[PDB]
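Student:
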Amino acid sequence: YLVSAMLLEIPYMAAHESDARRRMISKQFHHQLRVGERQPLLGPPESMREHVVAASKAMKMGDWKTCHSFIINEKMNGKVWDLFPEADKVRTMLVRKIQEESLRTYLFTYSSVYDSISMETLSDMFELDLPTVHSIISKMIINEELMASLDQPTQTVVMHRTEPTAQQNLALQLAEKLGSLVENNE
Amino acid sequence: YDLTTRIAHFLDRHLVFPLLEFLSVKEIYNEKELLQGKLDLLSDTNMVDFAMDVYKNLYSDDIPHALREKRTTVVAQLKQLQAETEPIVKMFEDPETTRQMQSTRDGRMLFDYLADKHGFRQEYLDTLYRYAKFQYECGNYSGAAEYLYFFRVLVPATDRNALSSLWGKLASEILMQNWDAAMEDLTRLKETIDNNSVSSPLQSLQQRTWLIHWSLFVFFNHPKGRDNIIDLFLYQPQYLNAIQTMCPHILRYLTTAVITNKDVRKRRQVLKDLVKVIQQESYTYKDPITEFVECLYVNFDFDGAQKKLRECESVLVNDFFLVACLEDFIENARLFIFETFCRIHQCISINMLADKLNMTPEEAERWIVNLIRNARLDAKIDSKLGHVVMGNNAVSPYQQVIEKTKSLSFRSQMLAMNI
Amino acid sequence: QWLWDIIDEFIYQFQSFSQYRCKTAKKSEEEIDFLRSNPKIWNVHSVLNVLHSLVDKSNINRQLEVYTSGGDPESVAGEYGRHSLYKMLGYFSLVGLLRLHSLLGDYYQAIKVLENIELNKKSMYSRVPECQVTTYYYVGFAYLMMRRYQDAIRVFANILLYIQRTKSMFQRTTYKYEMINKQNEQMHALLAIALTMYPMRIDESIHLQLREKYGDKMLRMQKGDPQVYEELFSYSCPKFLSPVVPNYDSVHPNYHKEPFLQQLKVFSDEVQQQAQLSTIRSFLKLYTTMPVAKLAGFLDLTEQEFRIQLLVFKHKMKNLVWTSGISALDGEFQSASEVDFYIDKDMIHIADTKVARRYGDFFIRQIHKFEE
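Residue numbers (PDB author numbering), protein chains in the order written: chain 2, 686 to 871; chain 3, 4 to 422; chain 7, 181 to 552.
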């Protein structure tokens, strides 16, 4: 959920040739291919209904359903560290939900705020000034920076330009195939 | 690793000639003390690299430095005690044992040129044994060792004497501060390190720290001598599994050669599997200063990077060794944090940059100019205001695939039109 | 032996076939009509005019490599063997144009190239792509020596990509295709460095693999590395006045070296000034209307110390590639910044690719109806 529903919600908008073929989709095709769901009861849906909001980031909504009724059902009690594994989890919920609007909701976002982003989700400014810096180099995102002002101008334009590149998801898988045709021929 | 199996039963149980100590409690720059103290453990009888450990600070305890190395340097050891008025009169051993040798060594140095001018393999084999004995006894007498391991090098007991006398000779030449005859012996270490030996982990870690010792005290173009000091022994960063690896200035000379003398396109080799994972990360815990050089630097940090990299450089200059790999490494810690930034970003007010980097906006103008002519910082300059824009983003990348579809198929189905 | 006796036999056969084509290609239209009618294959009698011509071009200078001073072969070739085929009535096929190409082969070997205006004027025959390749090959060298590289760069890209649609299929070249391909490569690589960053003419002919190789060379040459110019001259110096190949590299005879010196001494003095101009103009026009401060800042890069900075910059500005001016009142260096655009490299390919569909159904629908 933190190495798949985050690492791979970047290339899932029409760039499929990095899909790791052993993940939650073991079970994510199951507890989604059901005609009825509500407030989850099992482990996996109670490990999903905060994941589904970890797509609509909601730092509030996702942190509030790994600590709902698990401290009886072995999350907090059992992991023999009384409260701290949540202080770990909460942090990897707080932080891994600032790395989301960055990767998902950036379309009309040109001028954005990175002081108020610290006020929204309550992580340390340096522990947000690090990953907001990481967001550019580590994930090669189309967004510019002058971080004496603590800002990230985007100038992304890819939206109906990645559609003709979503034609190159397959226009490559035409002319990437002619590379493989005459390997067999001779 | 493979040999970490054999390490599992040793775990730092080496046996070289120098045994015990390095000049105890100093005050400040506290990481430098043990990182050279542990080289002195496996290196050899250093000798003004001791008085380099002196000048650092003040206390007194220069006493047991080389006074327990007597067979060579007899007077300078008996000197150093009365240099500080220390009555340890029990030093009257070498006036006997050195005087005892004369009549023997006299016969041997007149069997020397019955072996040289003749060119006799067996009259030489005689003189060989007798001097091979003397060389391990005291071959400093490194002028005599330079005479010895220049001709037929081989020793009668072809292993341990050609090990220790040649190893002690490499060291001894350095203790007199001779380099070119230390550099032929350098290649005669390149011999025994790769031959190799019985080659147990006690000899593996020995011989890996061994060839990195002369790389510590830089004399030659060790900028070039880096590729030689790195590409040996399943080329690890530290050379050893032995997580207590203490020749760990490796990264300063790897980064010297490839950033300062080469350039780091080409950072792939220097950083990725040479820095992050285990051995260098064990050293990233050890050392306070040259932690930050790859801790903020892997975090891809922008200005607070250049802050800690500047405070790094200000005591990088305190690389108080036979140094010769300094301002290259200093100005190129500034150079690479510059080029990592100048790869990607939007723009900068170079008045701010200059304030952040501790120069003036005039230098900042001339400095972006000299990087545009370098063609590494790929952008054009605004004249005065100091807003040299950095605006590279791809547009319509179909050109590759467009002509690519007919770069192969359009001229490879013309293959079919000749039948 | 095994070389000179065969050379003499070949030369005699070429002078014989030069006389045969000199006689019956002015008044007579009887042997021509016989050759159109009876032998159905149009190949062989058009092949002869290139097959013999290329080995004659070879054998002429091969003999001249010995007979350097007071040369027979070039006078026997040009005046008697080539001009006799050139100045005549045009054979109404691919012979008339190939006779002009056979003369232009030696007219280029000799560095006396000025009749490029006449050779193309009197070539009013249908420019069949087979002859068009050799046209833009030979005429290209005239534009290269015309020191107008912005116009000359366009010519060599046509012959180097070979999208001209030459399909023979009867060994017409002949036996030397990779030599002409490498020669066009080296001439294109020469034209690339002389103008960069103006072209933006080096994507089509040779694509991104050798483009990046010659691109790294091109950057080194402009930044001041003379090794690239040395390589560029060394690989091209034979390619100017090589027949096809010399006779035999020997030590005893001093004759064979004298033409090789004539080849070296000519095309060095021309390209050395071009290599200097490449470094003079190397630096990109970053800024237009420069003030006195970083005018002197860019005078440093042009040439400093000290004496003669201003006059040297003036000399470097007067090279037909630096349009600028000095405003002495305001102290304002008002310079040009000539840049171009890319995207329309996808304009002649859309038609090529429509004919690439036709190409896809040329051979295969030939097979189809040879298969039914």
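Yeah, the Cβ is synthetic: ideal placement off N, Cα and C, and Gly gets one too.
Just reading off the beta strand (DSSP E) that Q514 (chain 7) is part of, what are its end residues?
Tutor: First-last of the beta strand (DSSP E) with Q514 (chain 7): 512 to 515.
Student: Taking Cβ positions, are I373 (chain 7) and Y394 (chain 7) nearer each other than 9 angstroms?
Tutor: For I373 (chain 7) and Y394 (chain 7), yes; Cβs fall inside 9 angstroms.
Student: Output, in chain order, the set of chain 2 residues within a Cβ distance shorter than 7 angstroms of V51 (chain 3).
Tutor: Correct list: empty, because the minimum Cβ distance to chain 2 is about 45 angstroms.
Student: Select from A11 (chain 3), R111 (chain 3), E34 (chain 3) the residue whose C-alpha is nearest the C-alpha of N321 (chain 3).
Tutor: For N321 (chain 3), the nearest C-alpha among the options comes from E34 (chain 3).
Student: Taking C-beta pairs closer than 9 angstroms, name the residues in chain 2 that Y300 (chain 3) reaches, listed in chain order.
Tutor: Near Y300 (chain 3) there are no residues of chain 2 at all, since even the closest Cβ is about 11 angstroms away, more than 9 angstroms.
Student: What would DSSP say about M398 (chain 7), mapped onto helix, strand or coil?
Tutor: Three-state result, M398 (chain 7): helix.
Student: Does any heavy atom of the ligand NAP sit closer than 8 angstroms to the C-beta of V843 (chain 2)?
Tutor: The model on display carries no ligand, and the ligand NAP is accordingly not part of it.
Student: Quick check on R369 (chain 3) - is its C-beta less than 9 angstroms from some C-beta in chain 7?
Tutor: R369 (chain 3) counts as touching chain 7.
Student: What are the partner residues of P471 (chain 7), as DSSP defines its beta bridges?
Tutor: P471 (chain 7) is bridged to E512 (chain 7).
Student: Against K409 (chain 3), what residues of chain 7 qualify as contacts under a CB-to-CB distance less than 8 angstroms, listed in chain order?
Tutor: Chain 7 residues near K409 (chain 3): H529, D532, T533, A536.
Student: Can you give me the C-alpha to C-alpha distance between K824 (chain 2) and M249 (chain 3), rounded to a whole angstrom?
Tutor: Distance between the alpha carbons of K824 (chain 2) and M249 (chain 3) is about 35 angstroms.
Student: Does the beta carbon of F413 (chain 3) sit closer than 9 angstroms to a beta carbon anywhere in chain 7?
Tutor: For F413 (chain 3), the answer is yes, since a Cβ of chain 7 falls inside 9 angstroms of its Cβ.
Student: Considering just the uninterrupted stretch of the beta strand (DSSP E) at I506 (chain 7), what are its terminal residues?
Tutor: Counting along the chain, the beta strand (DSSP E) containing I506 (chain 7) begins and ends at 504 to 507.
Student: Taking Cβ-Cβ distances shorter than 8 angstroms, what residues in chain 3 pair up with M832 (chain 2)?
Tutor: Those within 8 angstroms of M832 (chain 2) in chain 3 are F305, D306.
Student: Does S63 (chain 3) come within less than 9 angstroms of chain 7 when only Cβ atoms are used?
Tutor: False, the Cβ-Cβ gap to chain 7 never drops below 9 angstroms.
Student: Could you work out which residues of chain 2 lie near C345 (chain 3), taking near to mean beta carbons separated by less than 8 angstroms?
Tutor: Simply none; closest approach about 13 angstroms.
Student: Are the segment 360 to 378 of chain 7 and the segment 413 to 421 of chain 7 touching by the rule of at least three beta carbon pairs closer than 8 angstroms?
Tutor: Touching, yes.
Student: Quick one: which chain 3 residues come within Cβ less than 8 angstroms of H736 (chain 2)?
Tutor: Neighbours of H736 (chain 2) on chain 3: none; closest Cβ ~28 angstroms, over 8 angstroms.
Student: Show which residues of chain 2 have a CB atom less than 7 angstroms away from the CB atom of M355 (chain 3).
Tutor: Correct list: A833.
Student: Output yes if chain 3 places a C-beta closer than 9 angstroms to the C-beta of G864 (chain 2); else output no.
Tutor: With 9 angstroms as the cut-off, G864 (chain 2) counts as an interface residue toward chain 3.
Student: Going by the DSSP bridge assignment, what does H390 (chain 3) pair with across the sheet?
Tutor: According to DSSP, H390 (chain 3) bridges with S352 (chain 3).
Student: Closer than 9 angstroms, CB to CB, is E785 (chain 2) near chain 3 or not?
Tutor: No, because no Cβ of chain 3 sits closer than 9 angstroms to the Cβ of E785 (chain 2).
Student: Let me know the secondary structure DSSP gives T248 (chain 7) once reduced to three states.
Tutor: Of the three classes helix, strand and coil, the one that applies to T248 (chain 7) here is coil, per DSSP.
Student: Quick one: residues in its chain with C-beta nearer than 7 angstroms to the C-beta of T248 (chain 7), no 5 flanking neighbours on either side, listed in chain order?
Tutor: Excluding sequence neighbours, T248 (chain 7) sits near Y435, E438, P439.
Student: Kindly indicate which three-state DSSP category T533 (chain 7) falls into: helix, strand or coil?
Tutor: Residue state, collapsed to three classes: helix.
Student: Let me check understanding here. Comparing Cα to Cα, which of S412 (chain 3), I31 (chain 3), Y62 (chain 3), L325 (chain 3) lies closest to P291 (chain 3)?
Tutor: For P291 (chain 3), the nearest C-alpha among the options comes from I31 (chain 3).
Student: Measure from the alpha carbon of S458 (chain 7) to the alpha carbon of each residue in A257 (chain 7), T482 (chain 7), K549 (chain 7), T204 (chain 7), then state which is nearest.
Tutor: Minimum Cα distance to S458 (chain 7) is reached at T482 (chain 7).
Student: Using a Cβ cut-off of 7 angstroms, which residues of the segment 808 to 821 of chain 2 contact any Cβ in chain 3, in chain order?
Tutor: Of all residues in the segment 808 to 821 of chain 2, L815, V818, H819, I821 have a Cβ within less than 7 angstroms of some Cβ in chain 3.
Student: Please report the distance separating the alpha-carbon of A536 (chain 7) from that of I382 (chain 7).
Tutor: When rounded, the distance between both Cα atoms is 22 angstroms.
Student: State the Cα-Cα distance for the pair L399 (chain 7) and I196 (chain 3), rounded to the nearest angstrom.
Tutor: Their backbone Cα atoms lie some 43 angstroms apart in a straight line.
Student: Can at least three beta-carbon pairs, one atom from the segment 229 to 245 of chain 3 and one from the segment 62 to 74 of chain 3, be found at a separation below 8 angstroms?
Tutor: No, they do not touch.
Student: If we define contact as Cβ-Cβ less than 9 angstroms, is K359 (chain 3) a contact residue for chain 2?
Tutor: Yes, its Cβ sits closer than 9 angstroms to a Cβ of chain 2.
Student: Please report how far the alpha carbon of residue 425 (chain 3) lies from the alpha carbon of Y152 (chain 3), in whole angstroms.
Tutor: Shown here, chain 3 extends from 4 to 422; a query on residue 425 (chain 3) therefore has no answer.
Student: Could you work out which residues of chain 3 lie near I827 (chain 2), taking near to mean beta carbons separated by less than 7 angstroms?
Tutor: Those are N396, listed as they occur along chain 3.
Student: If you reduce the DSSP assignment to three classes, tell me which class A860 (chain 2) lands in.
Tutor: Of the three classes helix, strand and coil, the one that applies to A860 (chain 2) here is helix, per DSSP.
Student: Going by beta-carbon coordinates alone, are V230 (chain 7) and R352 (chain 7) separated by less than 9 angstroms?
Tutor: In this structure, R352 (chain 7) lies closer than 9 angstroms to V230 (chain 7) by Cβ.
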